[PDB]
Amino acid sequence: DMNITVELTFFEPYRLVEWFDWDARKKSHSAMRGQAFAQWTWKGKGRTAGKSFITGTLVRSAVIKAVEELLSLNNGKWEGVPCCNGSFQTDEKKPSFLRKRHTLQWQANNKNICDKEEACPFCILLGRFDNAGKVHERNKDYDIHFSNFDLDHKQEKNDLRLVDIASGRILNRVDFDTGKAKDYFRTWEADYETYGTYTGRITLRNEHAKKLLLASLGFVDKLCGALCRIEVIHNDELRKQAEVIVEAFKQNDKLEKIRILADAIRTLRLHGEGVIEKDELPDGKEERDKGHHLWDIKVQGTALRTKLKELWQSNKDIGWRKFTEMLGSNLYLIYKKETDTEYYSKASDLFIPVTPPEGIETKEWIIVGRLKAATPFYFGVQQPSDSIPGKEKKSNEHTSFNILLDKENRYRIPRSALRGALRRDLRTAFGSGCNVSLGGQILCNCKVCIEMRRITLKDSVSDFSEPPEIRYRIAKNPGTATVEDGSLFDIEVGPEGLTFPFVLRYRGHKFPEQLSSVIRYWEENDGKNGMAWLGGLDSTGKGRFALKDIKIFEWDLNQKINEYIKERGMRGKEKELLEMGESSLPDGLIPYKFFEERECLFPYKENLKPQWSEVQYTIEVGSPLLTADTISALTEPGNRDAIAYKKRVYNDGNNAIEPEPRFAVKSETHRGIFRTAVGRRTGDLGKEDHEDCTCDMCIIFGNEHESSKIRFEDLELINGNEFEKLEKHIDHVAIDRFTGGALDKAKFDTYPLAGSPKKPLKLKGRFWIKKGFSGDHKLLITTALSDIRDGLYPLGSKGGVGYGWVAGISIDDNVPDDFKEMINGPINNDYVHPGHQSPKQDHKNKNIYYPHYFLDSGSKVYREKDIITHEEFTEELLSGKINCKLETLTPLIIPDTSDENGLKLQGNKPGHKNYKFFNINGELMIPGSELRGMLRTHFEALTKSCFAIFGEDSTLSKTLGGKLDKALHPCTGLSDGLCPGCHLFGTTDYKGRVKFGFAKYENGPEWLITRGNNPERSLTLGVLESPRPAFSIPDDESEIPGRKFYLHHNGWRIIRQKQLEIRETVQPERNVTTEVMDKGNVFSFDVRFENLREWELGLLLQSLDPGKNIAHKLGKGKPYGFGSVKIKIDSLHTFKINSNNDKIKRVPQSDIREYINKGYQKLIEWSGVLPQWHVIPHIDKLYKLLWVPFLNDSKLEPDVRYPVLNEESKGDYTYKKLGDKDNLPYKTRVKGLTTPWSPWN
RNA sequence: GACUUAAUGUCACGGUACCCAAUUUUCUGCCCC
Ligand SMILES: [Zn+2]
Ligand SMILES: [Zn+2]
Ligand SMILES: [Zn+2]
């Protein structure tokens, strides 16, 4: 007669679904599948407010299952009271739910046939001989009656909305044999923190089974998908502002910038509110004069930074992280607007009793530990703007994917993903099993599915609520080796090193060897490193969790069952159990001392361990490494264009993120590098479609219909504390082809890691290889690794100027050694250019020649529409590496413009810039970008290409660009073709095929002493005024003379021998003091070339070594005769793809002499024994400028100077009378500026 | 007490949001009426 009230509390996020009805439930698959979940009925008319509840029938079913288990445990008797076998068969209505399950059954000891006068306690709780059945509720005639389990005070008197209690989520069924999810389904996952308690009542009319009912209530463990214990007692305004910002950006034709702006705002949550409050955003280039290219865009008449500040001051009421997240989400949604399968399972009537053998014992095992992540994990989730549980649309893939976080933003590992990973690991360990089939009427007898019906895990959430970091992926176009437009993706990943609590329970008659094998596989003790692949980006190594601190405790459900009900099996109190002494364990629970080691288990030693084999190596980089973090450089206040990539690493010991970010090369970059290497080696790269392709690259790297067999990891930098300045500031500039000066606002900054040839960066990374590869694929992997070793694919960005050039690879000794089984005289040019001109046979005259002359070569350019691709190594085209020596004939000046006070002489004379010679980690070297433009300009004029870096929009005193011939304008796209010089070194939209390495210093005199005068072995250079494009174009009728080249002379001795005249008299603070090196040094730089044609290699080798008595001009101070480098090729190496896998072979002098001769045939072909280049009219003019008179012809010493204006130095070659039409007409001086070595007297 | 459950039968802890993508190509820190 007594009424029992029951309290139901959940310790996991439970699932709830719409209640609908029973008759109308069949019309909705979501409610039909979720009959074991909590229900939800709407209260209002707008489908926004309702009350959740749990039906009493589900709790009754759980109680019946608990009763069956308890009675079976104690040999069919409870407290000395025997029980019958029950009755679960009906036929003639029928129950609304059918069993379709094995019912635990009993043997004997029933008193008699159960009638409605002596019903056993099992019959009392089962409600067999009651007055009410399946007809209707009618009255409370039930001997046992379960009422609805409504919510509690958490509901409150406010009609709680569904959005406040539940959050929709999508779960998959991942195919084991392939790796791609077959189908998905939706559910609503309520939270257990606030709305996890349900209250109900249980009515008993017969007191014969009170003890059994209470014991069953204690024994109930799972309900509605969550572990439970039963006890007896401003987006709208943000969206509008985001669309206003998008419209303002569109008014400036900058819609593509909206994506990067949204991503930057989203990433801004990592930085504090002081970034916007104190204006800590980058200030942009000062020389640009237009402000930052993004943060200074005028939105409705106001700067973007000020607009963001106003938005923060107006919407700070919702915190900082939420504000930035909402703004980024709204901007991304507006940008996207402007631009599988759902299978909810299914719905015999066979009674299947199961009688366990007599005398057997049943025990429950508890495994507790920590799932410490070893790589940045990622648990995917649909877009929050699309979840909206309750308001889902019916029937444009997203390019931005978030991560799974709970209501407190704590990182979460759902028990769904953990259970799926455990299921697949058990499947691998067992060697058999079935793909999970839904809707079956029978329980499959699989070796895995039997074990997974008794294993229960727990939802785990970290104690870390910091925002996740965003990782970027790009799709390189194979044809042009550039970034494909509209191929940007971003994944939010968590930090590396978080610890998630891990709880596992197994209730069986014996602990299986396969489950223990899986546990030892997951555990990371000594040399195991952990292999619990948890997450959703395994192909790039995101989520290799490692079980730690494993503690196994064993119950005893035969004699110590009463303690199990009394303590509720330690459900929800596992965290305390993990870190408590064994002397305080609850009675009936003992530690498991029979847990075998990893080497003692057979399934682990055979099936689980050799599935994934790691390959680890330390990549040595002997050059700057710039990974070009694209959003961090847009947020950090350093005001730099490109910075190196860095990570955030969690530290368990300090329970916080490491204060120093870890520099590394992205695992995505590693994967792309090896994928490109393998694709180009095997020729499968560049194929039209990979929809159903089964090529080698698709086989060993996965496609849309499969999963990759190789998983990569990050390239962490270990050699990081041996530099004392890890990253060096290197800045470049674009030089006009006509004036010869900088292109005004064209400078860009780079901040890469300071890798040095003698102090190289050491990056240590690894990748896992799945078992089952044949010999061919392992050979392909080893070949790709060897290609990476030989420096074919430079790491990072700016690989064409010598950034991230690999110097070697040292594989790990333990395990990669198995795959380790698969892994003449110097060239001389004898061409002597006559170049006699005026200076020759004029020793006693001592004429004066203008320092710079203009090379005119017409307006005829041949553009090739058959652009050579980078998809594959073409057989007929050459590819290899040039190793050449650079020797200086005049003092060379390469200023280290990073620090304008390298000599620290600004104290005495402020405003006087002081640079040093370029050096990385204290050793002198020449930048590869300075050699690139030094050879490109020579090669562009040699092949009569266009003015690639010409600067238009400058007027006279109809713009220089307008005056230039239309054929010589820079090549914009690939539609019209590319110039001969624009096709080797490449332009935008086409990566160049020639890469120039850094020029280290090897031998020769160290510095220029300059005894006396200058203290710090330097030369105080004269004033270097900006070039004036008015002496060459006096009138509008005159056209652009063409390229500008500087004569070769040793006039720097005037600067050196009169140093006291410059720095003391005249030119107070507009000069420059730089360290210089004396003539006679040697520099070794490698020019890697790829897929060059037959004559393109001859032109290159002719450009590097034009012959005797010809040299190039390099470095600052060219008009003064500074930096006349003499490049000689030491050895040419050329490899080729072949079946025999022949290594790199160095071509002899005969091939080089043949290569150059074939290159000469191209030049004469375009115009229309040993070659004589001085026959072509334009080459003859070019080689006169590069002719050096003082190399061997010692008697020559031309006087090369700029004429003074007046009254400065006239000791008649003065600008006072040189532009006057009376003395020298305009048509004459232009002709005098075009012919090299024309004496101006 | 209804808005919410039928009762001699609820493996939904019966299902990883899983697979595909090099942050990147090009640019000499240059220089005279
Ligand atoms: Zn009975
Ligand atoms: Zn099965
Ligand atoms: Zn061109």
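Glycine gets a Cβ as well: all are built from the backbone with ideal geometry, and neighbour counts include every protein chain shown. The values are calculated or read from the model by the stated rules, or taken from the named source; no laboratory read-out is quoted.
Considering only the stretch A:770-787, I want to know if a residue exists there that is touching a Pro at 6+ places or on another chain (Cβ under 9 Å) and either surrounded by fewer than 17 Cβ atoms within 10 Å (Cβ to Cβ) or part of a strand (DSSP E or B) (or both).
yes
Would you check which residues across the stretch A:438-458 are among the charged types (D, E, K, R) and either within 16 Å of ligand 1 (Cβ to nearest atom) or in a helix (DSSP H, G or I) (or both) and list them? Before you say what the answer is, go through the steps one by one.
Narrowing the stretch A:438-458 to residues among the charged types (D, E, K, R): A:447, A:451, A:453-454, A:458.
Answer for the stretch A:438-458, where residues must be among the charged types (D, E, K, R) and either within 16 Å of ligand 1 (Cβ to nearest atom) or in a helix (DSSP H, G or I) (or both): A:447, A:451.
Kindly evaluate residue A:48 against the criterion of being hydroxyl-bearing (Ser, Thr, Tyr), away from ligand 3 (no atom under 16 Å from the Cβ) and over 60 Å from the mean Cα position of the chain (by Cα).
Details: hydroxyl-bearing (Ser, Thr, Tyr): yes; away from ligand 3 (no atom under 16 Å from the Cβ): yes; over 60 Å from the mean Cα position of the chain (by Cα): no.
Here the answer is no, as residue A:48 does not meet what is asked.
Looking at A:402, A:396, can you tell me which residue is away from ligand 1 (no atom under 16 Å from the Cβ), in a loop (DSSP other than H, G, I, E, B) and polar (S, T, N, Q)?
Working: A:402 fails: in a loop (DSSP other than H, G, I, E, B).
Sole residue among the options that is away from ligand 1 (no atom under 16 Å from the Cβ), in a loop (DSSP other than H, G, I, E, B) and polar (S, T, N, Q): A:396.
Going through the stretch A:529-558 one residue at a time, which ones are crowded, with 18+ Cβ neighbours inside 10 Å and assigned to a loop (DSSP other than H, G, I, E, B)?
A:530, A:531, A:541, A:555, A:557 - these are the residues of the stretch A:529-558 that are crowded, with 18+ Cβ neighbours inside 10 Å and assigned to a loop (DSSP other than H, G, I, E, B).
For the stretch A:591-613, name all the residues that are farther than 25 Å from residue A:369 by Cα and in a strand (DSSP E or B).
Going through the stretch A:591-613, the residues farther than 25 Å from residue A:369 by Cα turn out to be A:606, A:613.
Answer for the stretch A:591-613, where residues must be farther than 25 Å from residue A:369 by Cα and in a strand (DSSP E or B): just A:613.
Run residue A:1139 past the list (1) away from RNA strand B (no atom under 16 Å from the Cβ); (2) under 24 Å from residue A:1088 (Cβ atoms); (3) within 46 Å of the chain's Cα centre (by Cα); (4) of a type outside the set (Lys, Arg) and report the number of the one that doesn't hold.
Only one criterion in (1) away from RNA strand B (no atom under 16 Å from the Cβ); (2) under 24 Å from residue A:1088 (Cβ atoms); (3) within 46 Å of the chain's Cα centre (by Cα); (4) of a type outside the set (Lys, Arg) is unmet by residue A:1139, namely (2).
For a quick check of your reading: which helices (runs of 4 or more DSSP H) sit entirely within the stretch A:923-1022 and have at least 2 residues that are more than 16 Å from ligand 2 (Cβ to nearest atom) and of a type in the set (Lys, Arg)?
Where helices (runs of 4 or more DSSP H) fall fully within the stretch A:923-1022 and carry at least 2 residues being more than 16 Å from ligand 2 (Cβ to nearest atom) and of a type in the set (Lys, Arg), they are A:928-942.
So, in the stretch A:471-487, of the ones that are assigned to a strand (DSSP E or B) and crowded, with 18+ Cβ neighbours inside 10 Å, which residue ends up farthest from ligand 2 (Cβ to nearest atom)?
Step one: filter the stretch A:471-487 for residues assigned to a strand (DSSP E or B), giving A:471-477, A:482-487.
Still in the running and crowded, with 18+ Cβ neighbours inside 10 Å: A:471, A:477.
Numbers: A:471: 37, A:477: 45 Å.
Only one residue tops the list, namely A:477.
Quick one: how many residues across the stretch A:361-373 are under 15 Å from residue A:546 (Cβ atoms) and surrounded by fewer than 20 Cβ atoms within 10 Å (Cβ to Cβ)?
1
Within the group A:828, A:901, A:908, which residue is surrounded by fewer than 17 Cβ atoms within 10 Å (Cβ to Cβ) and either outside the structural domain of residue A:996 (by TED's automatic domain parsing) or within 16 Å of ligand 2 (Cβ to nearest atom) (or both)?
Working: A:901 fails: either outside the structural domain of residue A:996 (by TED's automatic domain parsing) or within 16 Å of ligand 2 (Cβ to nearest atom) (or both); A:908 fails: either outside the structural domain of residue A:996 (by TED's automatic domain parsing) or within 16 Å of ligand 2 (Cβ to nearest atom) (or both).
Matching residue, one of A:828, A:901, A:908: A:828.
If a residue must be surrounded by fewer than 19 Cβ atoms within 10 Å (Cβ to Cβ) and of a type in the set (S, T, N, Q), how many such residues does the stretch A:702-716 contain?
Total satisfying the criteria: 2.
Starting from residues that are within 10 Å of RNA strand B (Cβ to nearest atom) and within 21 Å of residue A:1162 (Cβ to Cβ), keep the ones in the stretch A:940-959 and report whichever is surrounded by the fewest Cβ atoms within 10 Å (Cβ to Cβ).
Within the stretch A:940-959, the subset within 10 Å of RNA strand B (Cβ to nearest atom) is A:940, A:948-949, A:957.
Retained after the next criterion (residues that are within 21 Å of residue A:1162 (Cβ to Cβ)): A:940, A:948.
On the way: A:940: 24, A:948: 20.
Checked the stretch A:940-959; the qualifying residue surrounded by the fewest Cβ atoms within 10 Å (Cβ to Cβ) is A:948.
From the list A:72, A:30, which residue is touching a strand residue (DSSP E or B) at 6+ places or on another chain (Cβ under 6 Å), more than 21 Å from residue A:197 (Cα to Cα), in the same structural domain as residue A:97 (by TED's automatic domain parsing) and not in a strand (DSSP E or B)?
Details: A:30 fails: touching a strand residue (DSSP E or B) at 6+ places or on another chain (Cβ under 6 Å).
After ruling out the rest, the residue left standing is A:72.
Looking for whichever is assigned to a loop (DSSP other than H, G, I, E, B), surrounded by 15 or more Cβ atoms within 10 Å (Cβ to Cβ) and more than 16 Å from ligand 3 (Cβ to nearest atom) here; the options are A:53, A:20. Which one fits?
A:20
Name the residues in the stretch A:847-861 that are closer than 16 Å to residue A:1121 by Cβ and not in a loop (DSSP other than H, G, I, E, B), would you?
Once the filter is applied, which keeps residues that are closer than 16 Å to residue A:1121 by Cβ and not in a loop (DSSP other than H, G, I, E, B), the stretch A:847-861 yields A:848, A:849, A:852, A:853.
Looking at the stretch A:672-683, I want the residues that are over 11 Å from residue A:780 (Cβ atoms) and have a partner that is in a helix (DSSP H, G or I) and of a type in the set (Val, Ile, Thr) with Cβ atoms under 9 Å, at least 6 apart or on another chain. Which pairs are those?
A:673/A:788
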